[PDB]
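Offset between the sequence shown (1-based) and the numbering used here: plus 16. The beta-carbon is built from N, C-alpha and C at its ideal position, and this holds for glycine as well. Everything below concerns the one structure shown next.
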Amino acid sequence: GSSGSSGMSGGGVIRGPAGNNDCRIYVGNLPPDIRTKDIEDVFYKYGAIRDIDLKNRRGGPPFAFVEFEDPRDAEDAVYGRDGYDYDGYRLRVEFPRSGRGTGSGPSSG
Numbered sequence: 017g018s019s020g021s022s023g024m025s026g027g028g029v030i031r032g033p034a035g036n037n038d039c040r041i042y043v044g045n046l047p048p049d050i051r052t053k054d055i056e057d058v059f060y061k062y063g064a065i066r067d068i069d070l071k072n073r074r075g076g077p078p079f080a081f082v083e084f085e086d087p088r089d090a091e092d093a094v095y096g097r098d099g100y101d102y103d104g105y106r107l108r109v110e111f112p113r114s115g116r117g118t119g120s121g122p123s124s125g
């Protein structure tokens with residue numbers, strides 16, 4: 017036995033709340049019956065999570081951001097989770113827009 021329920025459509029959330037931080041990854045193409053926990057125990061396998069922000073509202077599919085403790089991991093996660101299949105539904109993990117800007121030094125004794 018099986019069946020579907022609940023739909024999705026409309027328009028809103030012109031702009032979401034943003035702050036300033038790193039180790040943040042955006043997860044898209046999520047199911048309607050998704051939970052911040054499932055996503056937690058999901059990316060949790062790649063270490064731990066600091067905080068998860070899920071919007072879930074008129075404006076396409078449900079989206080949320082996962083804040084990892086470390087970047088090296090935050091990437092290792094998206095590096096994989098990006099293209100994962102959950103509940104039969106495909107997920108789209110990718111970093112939020114920001115731009116360029118990556119400097120560094122040689123060492124400097």
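Next item on the list: Note down the Cα distance separating residue 108 from residue 50, rounded to an integer number of angstroms.
Entry: 14 Å
Notebook entry, point to check: Can you tell me whether DSSP reads residue 108 as helix, strand or coil?
Noted result: strand
Next item on the list: Report back the beta-carbon spacing between residue 46 and residue 79 to the nearest angstrom; my notes put them in contact at under 8 Å.
Entry: 7 Å
Check: How many Å lie between residue 99 and residue 17 at the Cα?
Finding: 28 Å
Check: Mind checking whether residue 69 and residue 91 have CB atoms under 9 Å apart?
Finding: no
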